[PDB]
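What follows is a single chain, given as structure tokens, in the form deposited in one PDB entry.
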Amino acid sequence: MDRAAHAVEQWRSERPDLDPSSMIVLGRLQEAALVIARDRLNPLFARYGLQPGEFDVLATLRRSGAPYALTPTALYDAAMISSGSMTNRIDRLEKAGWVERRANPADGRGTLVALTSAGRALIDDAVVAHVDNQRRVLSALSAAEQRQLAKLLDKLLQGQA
């Protein structure tokens, strides 16, 4: 029995008026996200000098195509964090020399965050190591099992939408 299953057995004993079965799937979802980030993905980003959120900004800039420049709002909408938290991520990356701010010509309120050449070289390198890492994380599942997990998670996400 894993953590989620054992916790459900305790609740079945302590509150027989309750059906706590839902705790298994959602507990394992939470635990999987935490463990995979903490033990597998984040140490790799750290070897490149990046926090996970910093890797995410560089990846979002890079995959958006030349000239690898996005507004803070596009970045925080993509990252699903607050505007102020995105300011902090940009500040860290800017000080490290991986991105550069400039005025957005399209909007007087705006800023464009752009990859530097050094930032682009870093993420171009890290993304390959990252995907290799992700594949190893998933290797306990067959190809078909990974596809079905992706489908089940999409159905669950569409449910929230």
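For every residue, the number given is its place in the sequence shown, counted from 1. Superpose the two forms; the largest set of C-alphas matching within 1.5 Å is the rigid core.
The records show that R109 is omitted from the coordinate set of at least a third of the other eligible entries of this protein.
Mean CA B-factor, 100 to 108 versus 124 to 132: the higher value falls on 100 to 108.
In this entry, the residue among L138, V25, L153, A144 with the greatest C-alpha B factor is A144.
Remark: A66 belongs to the highest third of its chain, ranked by C-alpha B-factor as recorded. When the CA B factors of the chain's modelled residues are split into thirds, the value for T116 lands in the highest one. Among the modelled residues of its chain, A78 has a C-alpha B-factor that falls in the highest third, as given in the PDB entry.
Omitted here: the form deposited in another entry. The next part is about that form.
Relative to the superposed core, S83 undergoes a C-alpha shift of no less than 2 Å between this form and the one not shown. Look at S82 and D91: in the other entry their Cα atoms move 3 Å or more farther apart than in this form. One change in the other entry concerns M80 and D56, whose Cα atoms lie at least 3 Å closer than in this form.
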